[PDB]
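my_file.txt (compact mmCIF, C-alpha atoms) appears below.
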# COMPACT_ATOMS: atom_id res chain seq x y z
CA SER A 1 -55.48 77.78 -209.73
CA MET A 2 -55.92 78.21 -213.45
CA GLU A 3 -58.36 81.15 -212.74
CA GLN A 4 -55.51 82.98 -210.86
CA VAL A 5 -53.21 82.40 -213.86
CA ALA A 6 -55.79 83.80 -216.31
CA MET A 7 -56.21 86.90 -214.11
CA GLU A 8 -52.43 87.26 -214.04
CA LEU A 9 -52.25 87.05 -217.80
CA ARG A 10 -54.91 89.85 -218.04
CA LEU A 11 -52.77 91.99 -215.63
CA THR A 12 -49.72 91.30 -217.74
CA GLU A 13 -51.42 92.28 -220.94
CA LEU A 14 -52.82 95.48 -219.25
CA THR A 15 -49.24 96.23 -218.14
CA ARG A 16 -48.09 95.86 -221.77
CA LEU A 17 -50.73 98.30 -223.01
CA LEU A 18 -49.98 100.78 -220.10
CA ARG A 19 -46.24 100.61 -220.92
CA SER A 20 -47.01 101.73 -224.46
CA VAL A 21 -49.40 104.46 -223.16
CA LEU A 22 -46.68 105.65 -220.73
CA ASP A 23 -44.19 105.92 -223.60
CA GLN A 24 -46.51 107.87 -225.72
CA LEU A 25 -47.41 110.30 -222.87
CA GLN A 26 -43.84 110.88 -221.94
CA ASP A 27 -43.00 111.83 -225.55
CA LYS A 28 -45.37 114.76 -225.02
CA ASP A 29 -42.83 116.05 -222.43
CA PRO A 30 -39.76 116.54 -224.58
CA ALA A 31 -38.27 119.01 -222.05
CA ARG A 32 -38.25 116.16 -219.46
CA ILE A 33 -39.91 118.41 -216.86
CA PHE A 34 -41.90 115.42 -215.47
CA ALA A 35 -39.33 112.65 -215.81
CA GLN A 36 -38.15 112.49 -212.22
CA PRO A 37 -39.47 113.32 -208.69
CA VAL A 38 -39.20 116.85 -207.57
CA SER A 39 -36.05 116.98 -205.43
CA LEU A 40 -36.70 117.82 -201.79
CA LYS A 41 -33.07 118.93 -201.52
CA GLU A 42 -33.72 121.60 -204.20
CA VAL A 43 -37.40 122.39 -203.25
CA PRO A 44 -37.31 121.81 -199.50
CA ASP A 45 -40.88 123.16 -198.93
CA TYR A 46 -42.48 120.92 -201.62
CA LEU A 47 -44.35 118.53 -199.33
CA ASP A 48 -45.94 121.47 -197.52
CA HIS A 49 -47.60 122.27 -200.85
CA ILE A 50 -48.05 118.94 -202.61
CA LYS A 51 -49.30 115.97 -200.63
CA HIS A 52 -48.95 113.21 -203.24
CA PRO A 53 -45.94 113.95 -205.50
CA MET A 54 -45.82 112.01 -208.80
CA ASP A 55 -43.49 111.74 -211.83
CA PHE A 56 -42.91 109.41 -214.82
CA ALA A 57 -40.11 107.45 -213.12
CA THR A 58 -42.22 106.66 -210.11
CA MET A 59 -45.06 105.58 -212.44
CA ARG A 60 -42.68 103.34 -214.39
CA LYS A 61 -41.58 101.60 -211.14
CA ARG A 62 -45.20 100.92 -210.18
CA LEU A 63 -45.96 99.69 -213.74
CA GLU A 64 -43.02 97.24 -213.80
CA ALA A 65 -44.18 95.73 -210.51
CA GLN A 66 -47.63 95.30 -212.20
CA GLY A 67 -48.97 97.73 -209.69
CA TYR A 68 -51.78 99.25 -211.86
CA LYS A 69 -54.88 96.94 -211.67
CA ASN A 70 -56.90 99.07 -214.13
CA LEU A 71 -56.58 102.15 -216.38
CA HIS A 72 -58.26 104.37 -213.80
CA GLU A 73 -55.36 103.82 -211.35
CA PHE A 74 -52.83 104.73 -214.04
CA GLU A 75 -54.81 107.85 -215.08
CA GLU A 76 -54.98 108.94 -211.42
CA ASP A 77 -51.12 108.99 -211.24
CA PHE A 78 -50.90 110.87 -214.60
CA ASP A 79 -53.38 113.44 -213.44
CA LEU A 80 -51.27 113.93 -210.24
CA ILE A 81 -48.23 114.79 -212.36
CA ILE A 82 -50.21 117.52 -214.17
CA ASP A 83 -52.30 118.75 -211.28
CA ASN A 84 -49.37 118.97 -208.81
CA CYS A 85 -47.41 121.13 -211.28
CA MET A 86 -50.36 123.40 -212.04
CA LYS A 87 -50.78 124.07 -208.30
CA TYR A 88 -47.12 124.62 -207.32
CA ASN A 89 -46.15 126.68 -210.33
CA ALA A 90 -47.76 129.92 -211.55
CA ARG A 91 -49.57 130.29 -214.89
CA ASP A 92 -46.75 132.35 -216.47
CA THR A 93 -44.07 129.65 -215.91
CA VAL A 94 -42.49 127.16 -218.24
CA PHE A 95 -43.45 124.41 -215.78
CA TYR A 96 -47.17 125.21 -215.73
CA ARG A 97 -47.27 125.66 -219.49
CA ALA A 98 -45.51 122.29 -219.96
CA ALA A 99 -48.18 120.64 -217.86
CA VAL A 100 -51.06 122.18 -219.84
CA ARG A 101 -49.46 120.92 -223.08
CA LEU A 102 -48.92 117.42 -221.62
CA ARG A 103 -52.52 117.30 -220.40
CA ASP A 104 -53.94 118.37 -223.79
CA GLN A 105 -51.78 116.05 -225.83
CA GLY A 106 -52.12 113.18 -223.37
CA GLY A 107 -55.95 113.38 -223.55
CA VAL A 108 -55.83 112.12 -227.14
CA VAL A 109 -53.74 109.08 -226.17
CA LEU A 110 -55.82 108.26 -223.13
CA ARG A 111 -59.08 108.45 -225.02
CA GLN A 112 -57.98 105.61 -227.36
CA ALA A 113 -56.35 103.65 -224.48
CA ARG A 114 -59.73 103.54 -222.78
CA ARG A 115 -61.37 102.15 -225.93
CA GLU A 116 -58.56 99.45 -226.20
CA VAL A 117 -58.86 98.44 -222.55
CA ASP A 118 -62.69 98.08 -222.85
CA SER A 119 -62.41 96.45 -226.35
CA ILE A 120 -59.72 93.74 -225.57
CA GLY A 121 -61.19 93.54 -221.99

Take the structure in the file and give it back as structure tokens.
Amino acid sequence: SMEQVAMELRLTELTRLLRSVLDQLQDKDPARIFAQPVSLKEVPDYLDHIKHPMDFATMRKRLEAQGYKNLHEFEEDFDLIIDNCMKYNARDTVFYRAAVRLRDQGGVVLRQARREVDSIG
């Protein structure tokens, strides 16, 4: 149907805007602390602590499959990256502090992304 095409075009254009958002958020992580999944070889207890691991690579895979239907879904995965790190790692650690800085800086980006998603539709 043409309606299914139009919906698919909307998903594609959302994906475009989320790709740009993802790039901008990841630039707020110049240390690359959140770039890849936590290795279960190197942190063998991780899944006892964190039930839904997340990282920028995993998000990028979902994005490229057009797997985010709306901005809320994408924000949920970003918040997991931050929140997981702030639970596993103590306040005095480079990891925790990196997450706070990513959260604070990412807020700015996400605030305007929400306006753009509502505005363009």

- Message: With all atoms listed in the file as the counted atoms, please give the residues lying no more than 6 Å from stretch 95-99 of chain A, apart from itself and same-chain residues fewer than 5 positions off, as a PyMOL selection string.
- Response: chain A and resi 82+86+89

- Task: For residue A:24, list every protein, DNA or RNA residue within 12 Å, evaluated using only C-alpha atoms, and leave out those in the same chain fewer than 2 positions away; present the list as a PyMOL selection string.
- Result: chain A and resi 17-22+26-30+56+102+105-110+112-113

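The neighbours of residue A:94 here are the residues that come within 12 Å of it, using only C-alpha atoms and leaving out any residue fewer than 6 positions away in the same chain; they are residues 29, 31, 32, 33, 85, 86, 100 and 101 of chain A.
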
Can you list every residue of stretch 52-115 of chain A that has an atom at most 12 Å from stretch 3-8 of chain A, with its nearest atom pair and the distance in Å to one decimal, using only C-alpha atoms, ordered by chain then number, as CSV?
residue,atom,partner,partner_atom,distance
A:66,CA,A:8,CA,9.5
A:67,CA,A:8,CA,11.9
A:69,CA,A:8,CA,10.3

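When atom CA of residue A:10 is paired with atom CA of residue A:121, their separation reads 8.3 Å.
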